[PDB]
There are 4 protein chains.
Amino acid sequence: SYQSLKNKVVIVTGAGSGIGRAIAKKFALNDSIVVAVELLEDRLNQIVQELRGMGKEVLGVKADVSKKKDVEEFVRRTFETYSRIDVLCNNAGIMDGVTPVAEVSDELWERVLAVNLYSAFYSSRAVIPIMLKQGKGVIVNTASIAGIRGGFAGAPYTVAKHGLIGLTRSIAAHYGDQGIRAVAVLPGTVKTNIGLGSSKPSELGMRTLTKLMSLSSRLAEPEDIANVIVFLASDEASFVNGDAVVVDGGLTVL
Amino acid sequence: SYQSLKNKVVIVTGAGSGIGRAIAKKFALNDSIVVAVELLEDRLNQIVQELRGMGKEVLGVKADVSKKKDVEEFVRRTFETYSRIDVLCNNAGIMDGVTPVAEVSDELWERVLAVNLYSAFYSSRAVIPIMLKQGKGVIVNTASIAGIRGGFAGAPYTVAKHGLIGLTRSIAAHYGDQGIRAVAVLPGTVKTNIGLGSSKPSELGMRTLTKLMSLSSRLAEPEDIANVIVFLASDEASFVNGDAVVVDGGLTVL
Amino acid sequence: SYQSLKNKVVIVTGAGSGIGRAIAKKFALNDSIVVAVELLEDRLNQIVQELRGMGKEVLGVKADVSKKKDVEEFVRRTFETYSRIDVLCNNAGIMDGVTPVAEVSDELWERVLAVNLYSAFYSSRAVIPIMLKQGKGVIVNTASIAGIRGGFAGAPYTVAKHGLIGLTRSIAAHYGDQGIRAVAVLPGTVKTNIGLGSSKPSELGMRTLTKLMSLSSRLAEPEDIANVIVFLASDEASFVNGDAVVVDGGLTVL
Amino acid sequence: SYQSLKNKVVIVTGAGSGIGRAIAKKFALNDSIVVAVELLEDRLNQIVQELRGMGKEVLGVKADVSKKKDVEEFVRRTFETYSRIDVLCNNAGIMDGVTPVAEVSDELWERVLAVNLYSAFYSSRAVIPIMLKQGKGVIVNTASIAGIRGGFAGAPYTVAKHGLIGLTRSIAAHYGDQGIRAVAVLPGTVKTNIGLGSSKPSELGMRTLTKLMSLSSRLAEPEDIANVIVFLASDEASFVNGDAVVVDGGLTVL
Ligand SMILES: NC(=O)c1ccc[n+]([C@@H]2O[C@H](COP(=O)([O-])OP(=O)(O)OC[C@H]3O[C@@H](n4cnc5c(N)ncnc54)[C@H](O)[C@@H]3O)[C@@H](O)[C@H]2O)c1
Ligand SMILES: NC(=O)c1ccc[n+]([C@@H]2O[C@H](COP(=O)([O-])OP(=O)(O)OC[C@H]3O[C@@H](n4cnc5c(N)ncnc54)[C@H](O)[C@@H]3O)[C@@H](O)[C@H]2O)c1
Ligand SMILES: NC(=O)c1ccc[n+]([C@@H]2O[C@H](COP(=O)([O-])OP(=O)(O)OC[C@H]3O[C@@H](n4cnc5c(N)ncnc54)[C@H](O)[C@@H]3O)[C@@H](O)[C@H]2O)c1
Ligand SMILES: NC(=O)c1ccc[n+]([C@@H]2O[C@H](COP(=O)([O-])OP(=O)(O)OC[C@H]3O[C@@H](n4cnc5c(N)ncnc54)[C@H](O)[C@@H]3O)[C@@H](O)[C@H]2O)c1
């Protein structure tokens, strides 16, 4: 285990499924105190009961990270309960139907940007003051290879993930000298419940995604991403700041 | 001049000053039909007058590119007036006071993202169908080196510019086989009226920017950026699609 | 044509075929003085005849760019003949059989590196002092998308093209404030005489390459690459320095 | 510690000092079997005796990694002695006096490329067949931020490191589906014995480096780099392949 993570207070969003669930369990396995933030009631109760079963300290919070009020509330609640916030994992996200620009409705554009990008801006803005007062904090953002390439998702998701990497670089640049580290992890194809965000994704968007899927038959498990996120949050990575770490098995290096 | 630009219809946003003004004049000198879009009336009239004084065809449109209705209206007006839209230069943009995440108000965040990013999504969504009909079209987005690095502006601007490069890659990927090219130009430091976006820029943000200017040398003239934009819009650049072309004199290569 | 290129002295290596031939012709059409550097006698005489048939000024020099003495020779003869060297296009290059690391012989490794990378180091080292004295000069290196990705060629070519971009960045960073610009152009797939570099290309290497080639079907013509190289050599690109401009129709943006 | 590294055979080049010594010790503490490769005998003896003292299994090999015969020999010796090679850390390297292109002598260019790049080619070529037979292997290359930017070192070093990243991507692309992972770690400024490669570095080269070194005062310790290298060599990083991980405290994100 990473000794530096023992008793550190870690907020994990989207904790009820896939990568988020794996992140929560991995941090718990390292004796961190986990604040599991999840939109869905039953999923939240399930991950909370699992961590309790592991004999770890866990606080469950039902919230919609696209809502500023919900975010500010769980940040306040975490601080009031534990008196510190050491790690923030902005992980919750949704897909966009692989919808290309001309096919994007105002509703889709706004919702994907809100859940995948605004959420991280709200949380980072709220937690940074607390981390600065501590003189130390780490923010890990779950981006995607869609944050560096153009055909792995629709326009809303691609734009939001590029923007999320931008937010990561911004935080690292401005606050790195004050004890804050911000890093982004870019998964490729992972077996989770996110899907494509639609039972009928754009035919045009799929024409591109399907071709890219011909490049590899490898599918990562949530744990493979969580392993990297937890490492980056530990003092073992004290000098990794601002990087966009790709965890795609080599897919984008071809 | 570029023969392939003669009589082509080009929309240029932020045409009343700096890079936009230079883009409009350059296309006009290449005998393109220019639709000059600008928020400020006096600036709009000035650029319109400059092009007409050269005997060139120009249509002035006073609009706020952060408003979807204004964008959809100038696209419809351009098509109704000239029956085609060959090039779209999403150039208008504003700075963000070099404001770091913790100091960003909801207002600033929304305003910078709307002007610097949403504007481009609105215009691209509206013009793409017309370009697909034509079987040809070029979208050139004026990004910034803040779209690939984290200390050249505040968080809102950095996030918006990263998102704009993402929008560019998305369009290039999905519509490249249908005759559309989308490219981004990333200027470094250019002599214009954009400034820092505030008379009282963030102290923390400025500390960061100042460190970066220690790497700077020459200041580009707006024409130096416009020259690249116009070239990319011509058939000479038929195989440049999706790239984020850096025009910073070498600042980011250090 | 670009007025700033009229009567400028331009050295073009690998001028006897494909992209190099197209580069020589394009500069000639812009009334530049072209020094055609080529390894093969017949090809050299062919491009020289073509330029003379166009009524343009050309100097032919047979040389093997992998030999430092030969490089010093064409640089010196150019200077003796025209008293200046304004543009150096390091374009000559060969493929590597798409040979993966484990299958690379010492001879193949050295040959590919010498022809595709060392050649550009030798020529740049020789022309820089001349250009600094002039107060102005431009070096354009023809790289490849294999210089930013790993499956587009064998190991020798990929390493050499990555090194070439590094050489480009180095020159741009160190001499940019003294009037020198160094840029790289990265083509994707172009129909020329380069082939695969072997009659029996690596089975393993080909499996990877073939999958990537399946992603898109738009193939650039040599003229499409020459068009960007000539523009970058002109004063229109005075603020483009150190960038690796991708000209692949969008292949690497997917 | 990482369970997956217990009893794994790890080759560490440049093990007698700085980052390499930290790498050797870190793997030893994970109970890996360490093959310490170092040029200088006294340094080699010091690290070998240090690990032996810790009660760990270590094999010292005095070798010059720029010599193919030396590399092929320590690879054969490792396999003959331990019957397997699980991890290869190509870490040895030297600086280049921050020498810019025009000032580079053939001796400097040749030596730096040989030690910083050819060495990794020789070792990778020799160990890949062994790893392929095992169905698993990891190669970690210690590059540098000079592998992605142009002003952090002289031309030889910058070109060599860019090429090393290319070698990394090539191996990852071609062998990633066969059980091999190849990754690069890019340190910024670390307090070791490498220095600037000269007590009288190039004046011109230094003009640029000095500006970059003015961006941050935070310097990583060798252990901070070793921590990331060891993590990437473990099964925890099973889905990290072909990436160039930056460990510079945020220097290049500005
Ligand atoms: N699975 C992949 O292939 C993949 C690849 C690259 C990046 N990612 C990124 O990984 C992150 C999570 O991915 P996942 O695959 O585990 O998905 P998932 O759907 O399995 O899990 C996401 C969890 O987030 C929760 N969630 C969604 N919207 C929320 C909101 N507004 N507020 C609070 N919780 C919300 C869900 O209810 C769900 O439990 C996202 O940022 C996603 O974009 C996934
Ligand atoms: N100048 C630089 O240093 C620099 C560096 C990198 C990128 N850029 C980018 O260049 C573009 C224009 O830059 P500039 O420096 O010429 O600025 P500028 O202020 O000189 O010109 C921008 C013009 O856009 C107009 N504008 C602003 N908001 C608008 C809105 N909502 N609707 C319509 N018009 C609007 C302004 O009124 C102005 O005339 C921006 O996207 C900017 O981010 C500039
Ligand atoms: N054609 C493509 O698909 C492609 C894609 C990306 C990059 N490139 C790059 O474009 C450049 C030239 O490519 P091309 O496709 O026109 O190839 P080509 O083979 O058609 O032309 C190259 C010319 O270089 C000459 N040449 C080869 N070795 C030489 C040496 N040692 N000294 C002097 N001249 C030499 C040849 O004789 C030939 O006339 C190379 O750097 C290549 O790597 C090509
Ligand atoms: N220290 C830094 O600031 C820094 C920053 C970025 C990258 N790096 C990279 O880290 C690696 C090692 O760096 P370091 O700072 O620990 O240097 P160091 O000088 O402290 O240690 C390097 C060790 O390599 C050995 N060595 C040199 N040439 C050799 C050869 N031909 N064969 C075998 N051994 C040889 C030396 O004798 C020395 O013990 C290099 O690849 C270097 O480029 C260092």
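All values below come from the heavy atoms of this structure, side chains included, with hydrogens, waters and symmetry mates left out. Counting starts at 1 for both ligands and their atoms, in listed order. In what follows, chains are A, B, ... by sequence order, proteins preceding strands, each numbered from 1.
Nearest-residue assignment for atom 4 (C) of ligand 3 (options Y157(C), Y118(C), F152(C); heavy-atom criterion): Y157(C). Residue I19(C) holds the heavy atom nearest to atom 13 (O) of ligand 3 of all those in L186(C), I19(C), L40(C). The closest heavy-atom contact to atom 28 (N) of ligand 3, among the options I194(C), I94(C), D96(C), comes from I94(C). By heavy-atom distance, the residue among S66(C), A92(C), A160(C), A226(C) lying nearest atom 26 (N) of ligand 3 is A92(C).
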Query raised in the report: Going through the distances and angles, do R21(B) and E50(B) end up as a salt bridge (charged side-chain N to carboxylate O under 4.0 Å, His left out)?
Result: CA-CA 10 Å; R21(B) 176 168 177 284; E50(B) 280 191 68; 2.7 Å; yes
Report task. Apply salt bridge (charged side-chain N to carboxylate O under 4.0 Å, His left out) to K62(B) and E38(B), showing your working. Result -> CA-CA 5 Å; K62(B) 179 182 169 180; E38(B) 168 62 45; over 6 Å; no
Requested in this report: Take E223(C) and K26(C), measure what salt bridge (charged side-chain N to carboxylate O under 4.0 Å, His left out) needs, and give me the verdict at the end.
Outcome: CA-CA 8 Å; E223(C) 291 74 18; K26(C) 185 77 165 188; over 6 Å; no
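Residue, atom and distance of the protein heavy atom nearest to atom 24 (O) of ligand 2 are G14(B) CA, 3.3 Å. Looking only at protein heavy atoms, the nearest one to atom 31 (N) of ligand 2 is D64(B) OD1, 2.9 Å. At the top of the distance list for atom 34 (N) of ligand 2, counting protein heavy atoms only, stands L39(B) N, 3.3 Å.
When only interatomic distances are considered, the shortest N/O to N/O separation between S144(C) and ligand 3 does not fall below 3.5 Å. Considering both main-chain and side-chain atoms, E38(C) comes within under 3.5 Å of ligand 3 through a nitrogen or oxygen pair. Taking any N or O of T192(B), backbone or side chain, at least one lies under 3.5 Å from an N or O belonging to ligand 2. Checked by distance only, ligand 2 and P187(B) stay at 3.5 Å or farther apart across all their nitrogen or oxygen atoms.
Residue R43(B) approaches ligand 2 through these ligand atoms, each under 4.0 Å from one of its heavy atoms: 36 (C), 37 (O), 38 (C), 39 (O). When each atom of ligand 2 is checked for a heavy atom of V115(B) under 4.0 Å away, the hits are 28 (N), 31 (N). Atoms of ligand 1 found under 4.0 Å from any heavy atom of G93(A), numbered from 1 in the order shown, are 40 (C), 41 (O). Those atoms of ligand 1 that come under 4.0 Å of a heavy atom in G18(A), given as number and element, are 16 (O), 20 (O).
At a 4.0 Å heavy-atom cut-off, ligand 1 does not touch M95(A) at all. Contact annotation for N91(C) and ligand 3: heavy atoms of both the backbone and the side chain come within less than 4.0 Å of the ligand. Residue-level proximity to ligand 2 for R21(B) is absent, since no heavy atom of it falls below 4.0 angstrom. For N193(B), heavy-atom contacts with ligand 2 shorter than 4.0 Å involve the backbone as well as the side chain. Here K161(A) has side-chain heavy atoms under 4.0 Å from ligand 1, and that is the only part of it that gets that close. Counting heavy atoms closer than 4.0 Å to ligand 2, residue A63(B) contributes backbone atoms (N, CA, C, O) but none from C-beta onward. When heavy-atom distances to ligand 2 are checked against a 4.0 Å cut-off, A143(B) comes that close only through its backbone atoms N, CA, C and O.
Residue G188(A) places a heavy atom under 4.0 Å from ligand 1.
A donor atom on one side chain and an acceptor atom on the other are found under 3.5 Å apart for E41(A) and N45(A). Checking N193(A) against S17(A) by side-chain atom types alone, a donor-acceptor pair falls below 3.5 Å.
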